[PDB]
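coords please:
(chains A, B and C, ligands or ions: 2)
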Amino acid sequence: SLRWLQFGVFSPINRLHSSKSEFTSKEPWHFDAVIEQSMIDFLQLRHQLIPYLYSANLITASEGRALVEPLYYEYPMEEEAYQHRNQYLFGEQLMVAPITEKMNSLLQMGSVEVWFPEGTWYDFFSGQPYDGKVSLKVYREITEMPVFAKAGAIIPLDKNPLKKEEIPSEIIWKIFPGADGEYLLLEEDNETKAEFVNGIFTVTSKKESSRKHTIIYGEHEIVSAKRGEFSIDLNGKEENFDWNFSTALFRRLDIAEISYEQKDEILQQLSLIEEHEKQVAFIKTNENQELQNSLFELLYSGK
Amino acid sequence: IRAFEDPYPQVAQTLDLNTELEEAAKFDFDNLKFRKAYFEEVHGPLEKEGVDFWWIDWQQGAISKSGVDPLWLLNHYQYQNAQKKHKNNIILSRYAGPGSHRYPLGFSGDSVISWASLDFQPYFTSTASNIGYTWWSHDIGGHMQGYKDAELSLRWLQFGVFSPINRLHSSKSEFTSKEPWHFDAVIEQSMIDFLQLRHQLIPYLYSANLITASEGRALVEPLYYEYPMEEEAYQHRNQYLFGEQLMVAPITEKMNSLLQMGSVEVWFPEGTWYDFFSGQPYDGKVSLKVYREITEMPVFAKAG
Amino acid sequence: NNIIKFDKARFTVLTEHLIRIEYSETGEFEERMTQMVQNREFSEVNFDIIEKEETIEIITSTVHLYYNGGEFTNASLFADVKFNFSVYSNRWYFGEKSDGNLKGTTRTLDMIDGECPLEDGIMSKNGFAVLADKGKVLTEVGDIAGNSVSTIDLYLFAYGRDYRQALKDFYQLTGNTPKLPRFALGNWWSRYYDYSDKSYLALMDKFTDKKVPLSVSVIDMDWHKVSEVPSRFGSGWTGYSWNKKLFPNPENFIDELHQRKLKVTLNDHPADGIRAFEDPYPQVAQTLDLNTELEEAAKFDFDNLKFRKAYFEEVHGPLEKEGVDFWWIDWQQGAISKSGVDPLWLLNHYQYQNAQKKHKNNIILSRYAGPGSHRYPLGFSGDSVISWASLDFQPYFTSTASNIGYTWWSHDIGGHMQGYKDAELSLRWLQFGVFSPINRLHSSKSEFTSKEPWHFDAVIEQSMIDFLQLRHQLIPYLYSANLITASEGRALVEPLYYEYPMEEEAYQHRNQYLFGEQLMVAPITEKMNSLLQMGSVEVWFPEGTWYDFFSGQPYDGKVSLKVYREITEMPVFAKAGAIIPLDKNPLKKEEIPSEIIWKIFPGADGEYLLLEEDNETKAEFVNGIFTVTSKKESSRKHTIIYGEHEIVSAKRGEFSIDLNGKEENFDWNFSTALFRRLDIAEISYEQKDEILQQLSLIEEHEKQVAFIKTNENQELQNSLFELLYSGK
Ligand SMILES: OC[C@@H](O)[C@H](O)[C@@H](O)CO
Ligand SMILES: OC[C@@H](O)[C@H](O)[C@@H](O)CO
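Numbers count the residues shown, from 1 in each chain, chains lettered A, B, ... in the order given. Ligands and ions are numbered 1, 2, ... in the order given. This is the structure:
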């Protein structure tokens, strides 16, 4: 039910529905506290995405571009773009690889094989980095979805998803460091251009308005509730996400339903072995094949 | 007490040791002067800093010149010495044979973390009453090695709350903490609820403690103590009487994923029984498989 | 000085790490040698004593040994080591076992299919071991004298993880291993088969035709009467009388083997003694005054001086006169004797002594007879079951034996009896055998178990012939190591933990070993994966740069890496700067090589000392300069191979050559190796094509590894990973 909702949020329309059974309600509070909270978080995220969704709607209607695109629309000459049936582009800034198989109980994580095009990619939620071009098995807890953004991506989010407003009074601009980027937010009665060029972020609009703009640069909120058109130099600011190998490794070993002797040995050897190639050699000896692939994803992001 | 230790100068003077050769005060509990140095000059300064009682952690065998197990010498003499610190003081140490119940508490040590270890422990604990050793303190959730399973940790804590002592402990792993918040919101909340319940039960537990001491009745009784002529009382190894008012059937096997519930076969003696938590009723005498979510434990009370 | 008495005990501090402990009811302590101990003369060492009325403590650099008086008990006699290898296994108690012992060996592999228990050795991960001396005392000249007056006699070893020094001082205490003769280090031929003189000589000539060198010709029990023995005598198992239908002129047959430069040994089953149908019986019956009309047997009795003398002079004597060079003592009839001395120990002790009258540095072939019996090489492990499990045990069994100083185990290469046919098992076993102390092919009485290479298909036969030639190329290296065992107490075969005592991985690769000082061996002891058409073993590479000795495939240490080989290749490695001498002429019958190849592994300095019968030759590699010198001059011609290329051919005398200009790199390359492994693999052609294309196209090493990580064949992932690791 939770994986299906994760997909629905990153689908054209997010309509919860069920047949006549007393037992098939999609109410988040039908489920346990963990599932309930994750469902509520995703349902709030859908409303946060409405500006991005409404803009892409106006693009479909005016320029004949689909919100959801097969990978081969953007990468028609890459063979891997035809080999990831459930992977897609979601508007122009986001790439989605939904987890659609039950978790491996030994890992306490589900997984999907992701194709990362040439470029630097970040997990939209965690900032975990990936060097494209590569095909890589990625693992997530049942509460986390594989959604990626390129260096230079700019995504607008409604800052007030619960407040009943015909158009957002406040937009968060979420920026992924490491390249130039551009987002055009089309609305009922405006257009707003966010530009990021040699570390300069500039917002302009065809019409003035009372809208207040929040800017998040990688990890850090730089500007809260700033009105009107402006420019800010982000060259001074920390470009790096907090995501780190050591923290992620500890979490994956800690949730895994494996032997404590194996957890201890993996934590000790990956902490002690400095050379990346010898860390990979160490995980290649592990008898649990899916555990190897999970540890490999962390070592590949951390390379 | 070896030559690097803080108390060594004082012990070396007391026992006439050659300090330039770094002569150790070797463990010798057969020796009156060694024991006196151990209690007065080694434990003494640590008790003056505020140590209330001693966890004697002996795993080095049964060899002495007297032929007396050093574990028995430690438990006997340290229990006696503990009464100078505090009225009705305790130790925490392994079982030293029949009569060593005079030196509570029992400490069962380095269990492997497994469903198997949990499934043995209620039987182990009630069976110990048959040699009068009624205060076993097990590492709740298991000590070492074994496998991670948050459900196992939660079932183990349910049992510990309805055991003689509820001591959370783990080995040296970064991964084996028994903190409730180590686990997900569901497991964490249930663990917190069970830990609160242990303190709710202290009046009951403390009253039963006075009964053990004055009347020779175990807190944890095998079913056959109350029902000696009932064959079913010999066929439910993990089922027990917990004081005089409660019957416990801990769940000690992983849940059936299709039901999202664990189960145990309970024998209900003649009479009307209720689930202590839910009020679910049961007409005895019957043997019935009972099912609980991982957050719920089978504990029963009779009408009245 | 180094002797302290207290109560009824005596303590001798032989080294800072070695203490003799004795108890005596009579106040007399034992000075005589024992079956085990040959020498208690050691240089004075420093230690401290705390002696009180009722207690003594002896303190060395590595142990506190305590005695509280009275009879030795676990409470009265104990010791703490001055190490922290364990949290609480650092105490020895008299008569108690502690954990950490790395084991030693056992009498035999008779009837063992896979693993069997071993006795304790003198080596422990926790730093101490006790070696009980339960043997009889010897006379000056080495005869059994009777019971020790030291009714308890123990050696406490407290060497920590200085395993090499423990073994050195054990050899000082128990006597060094004698020198082997060079002939023992070549290939032996053996088979429990009723050869005639003609059929045996035809086989030796077939070995020559097939380019397989041999040093020893074993003749098993069918040399003597078997089925002809009248049943009133018992069986034909014991025999001292030639079957004259098979060997009508024994002395001529043995001269024929001698003319082929082969040493000859006969199987001896001693246990039924010399019975009345035997050819030597009239002479033995005269000497021992037996009742010949009642057919009184000379029953086996090695406690008896007159029996031993009759056995040596009147039974072995005539066979040795016919040309028998040395004795295969094949005892499987138990440990019972009036003296309480194991008949196997008496045989090994006395036959090894007697064998020295025949030849300088002569040998026997016999089962292990307990601590000190390394004085009577060679070891014979006996009737192993022909199985993968038995081969998988054998490397571990062999290196572990060094922990009780028994360094010359000769296993039946390819296993002895029963079990199952598998040509690949036979080939893997020979690979190990070649890199073992002794390479003796042998088999039980089956028509189907010959170890002849031509028993097998063309691929297996050629590989077997190649490995059998390699054994003879290795005799210089083996002989030099043999002189090092005899002179310095260093085993040819060492467990990894002798060199790397502090590396946990040195305890985790049971079948991996150092073979002399220049080579590290990881034999494959499991059947191949048919999908890969390769077998594999997990290898621990210590820090440093390693090369496959055969291929020059490189490995950056420290790493644990699964390595894959076709059934025709063995994992043997050498470090940067390794120098290994090879006989250039393994098939030529020379008493010492006329020509040595010097194989140099580039990338560091190195040094090798080739010890011989009447020379020492030093090879030095310092800043790209290779230099050969010798204690004595000789006609010897030296060939130098530096990495891939022959630099100097057939150069005489001492000399120095600059190799700084020459190619250091081996040809071994990723692309060639990748193609070979994909090509032999029994996998889909679509997978082979895709792997070849992607690993060629993807340039970044980490993305090549990411590509192989997606492969659904887990073992193919590991095989491709080994290549990428070597190619990083
Ligand atoms: O002091 C460390 C010990 O291993 C303890 O943690 C055990 O609980 C003793 O049984
Ligand atoms: O003499 C026949 C024996 O069976 C030998 O072949 C064995 O190798 C002895 O162990």
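
next SSE after the helix or strand hosting residue A:263?
Residue A:263 belongs to helix A:260-272 when elements are defined using DSSP states H and E. Read in the C-terminal direction, the helix or strand following helix A:260-272 is helix A:276-284, with elements assigned using DSSP H and E.

just the CA atoms of the helix or strand just after that next one, as CSV, please.
The first helix or strand that comes after helix A:276-284 along the chain, using DSSP H and E, is helix A:289-301. Taking C-alpha atoms only, helix A:289-301 is exported to CSV below (Å, rounded to 0.1, in the frame of the first residue of the first chain):
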residue,chain,number,x,y,z
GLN,A,289,24.9,-11.6,-2.5
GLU,A,290,22.2,-8.9,-2.0
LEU,A,291,24.1,-7.5,1.0
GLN,A,292,27.2,-7.1,-1.3
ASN,A,293,25.0,-5.1,-3.8
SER,A,294,23.6,-2.8,-1.0
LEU,A,295,27.2,-2.2,0.4
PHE,A,296,28.4,-1.7,-3.2
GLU,A,297,25.8,1.1,-3.8
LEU,A,298,27.2,3.0,-0.7
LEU,A,299,30.8,2.5,-1.8
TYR,A,300,29.9,3.6,-5.3
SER,A,301,28.2,6.8,-4.0
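
show me what helix A:289-301 is packed up against.
Judged by 3 or more CB pairs under 8 Å, 6 or more residues apart in numbering or on different chains; DSSP states H and E, helix A:289-301 is in contact with strand A:110-116, strand A:129-131, strand A:134-140, helix A:245-255, helix A:260-272, helix A:276-284, helix C:701-709. Every residue, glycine included, has its C-beta placed from N, CA and C.

how about the last one, which residues are buried there?
Translated: helix C:701-709. Judged by neighbour count using 16 or more other CB atoms under 10 Å in any protein chain shown, the buried positions of helix C:701-709 are C:702, C:703, C:704, C:705, C:706, C:707, C:708, C:709.

related to what we said a few turns ago, so which of the helices and strands packed on helix A:289-301 comes closest to ligand 1?
helix A:260-272 (13.9 Å; CB to the nearest ligand atom).

around chain B, pick out the residues from chain A.
By the criterion of CB under 8 Å from any CB of the partner chain, the positions of chain A lying close to chain B are A:32-34, A:37, A:250, A:253-261, A:263-264, A:267.

repeat that for 6 Å
Applying the criterion CB under 6 Å from any CB of the partner chain, the portion of chain A that neighbours chain B consists of A:32, A:33, A:34, A:254, A:257, A:259, A:260, A:261, A:263, A:264.

surely the third one meets residue B:185?
Spelled out, that is residue A:34. Yes - proximity of residue A:34 to residue B:185 meets the contact threshold set by CB atoms under 6 Å, at 5.5 Å.

find residues that contact each of those two.
Applying CB atoms under 6 Å, 6 or more residues apart in numbering or on different chains, one finds that no residue jointly contacts residue A:34 and residue B:185.

OK, contacts around the closest residue in space to residue A:171 that isn't next to it in sequence?
The spatially closest residue to residue A:171, leaving aside those adjacent along the chain, is residue A:156, at 5.0 Å (CB to CB, 6 or more residues apart in numbering or on different chains). Applying CB under 6 Å, 6+ apart, we find residue A:156 in contact with A:51, A:52, A:171, A:185.

go again using 7 Å as the cut-off
Residues counted as contacts of residue A:156 (CB atoms under 7 Å, 6 or more residues apart in numbering or on different chains) are A:51, A:52, A:171, A:172, A:173, A:183, A:185.

go on, residue A:77?
Listed by CB under 7 Å, 6+ apart, the contact set of residue A:77 is empty.

farthest-separated two in the residues of chain A next to chain B?
By the measure CB to CB, these have their two most distant members at A:33 and A:261, which lie 31.5 Å apart.

returning to that earlier point: what's the closest of the contacts of residue A:156 to chain B?
Ranked by distance to chain B (CB to the nearest CB), the contacts of residue A:156 are led by residue A:172 at 26.9 Å.

is the closest one in a bridge, and if so with what?
According to DSSP bridges, residue A:157, residue A:214 are recorded as the beta-bridge partners of residue A:172.

how about residue A:196?
The bridge-partner assignment for residue A:196, based on DSSP bridges, gives residue A:181, residue A:201.

how about the closest residue to chain C within the stretch 201-303 of chain A: what's its closest non-neighbour residue?
For the stretch 201-303 of chain A and chain C, the shortest gap (CB to the nearest CB) falls at residue A:281, measuring 4.8 Å. Beyond its immediate neighbours in the sequence, the residue positioned closest to residue A:281 (CB to CB, 6+ apart) is residue C:559, lying 4.8 Å away.

tell me how far that neighbour lies from ligand 2.
Taking CB to the nearest ligand atom, to the nearest Å as the criterion, residue C:559 is separated from ligand 2 by 41 Å.

before we move on, back to that, from the buried residues of helix C:701-709, which is closest to ligand 2?
Closest approach between the buried residues of helix C:701-709 and ligand 2, by CB to the nearest ligand atom: residue C:708, at 47.0 Å.

ok, back up a step: got the contact list for the helix holding residue A:263?
In contact with helix A:260-272 (CB under 7 Å, 6+ apart) are residues A:249-250, A:253, A:256, A:279, A:282, A:295, B:113, B:145-146, B:148, B:173-176.
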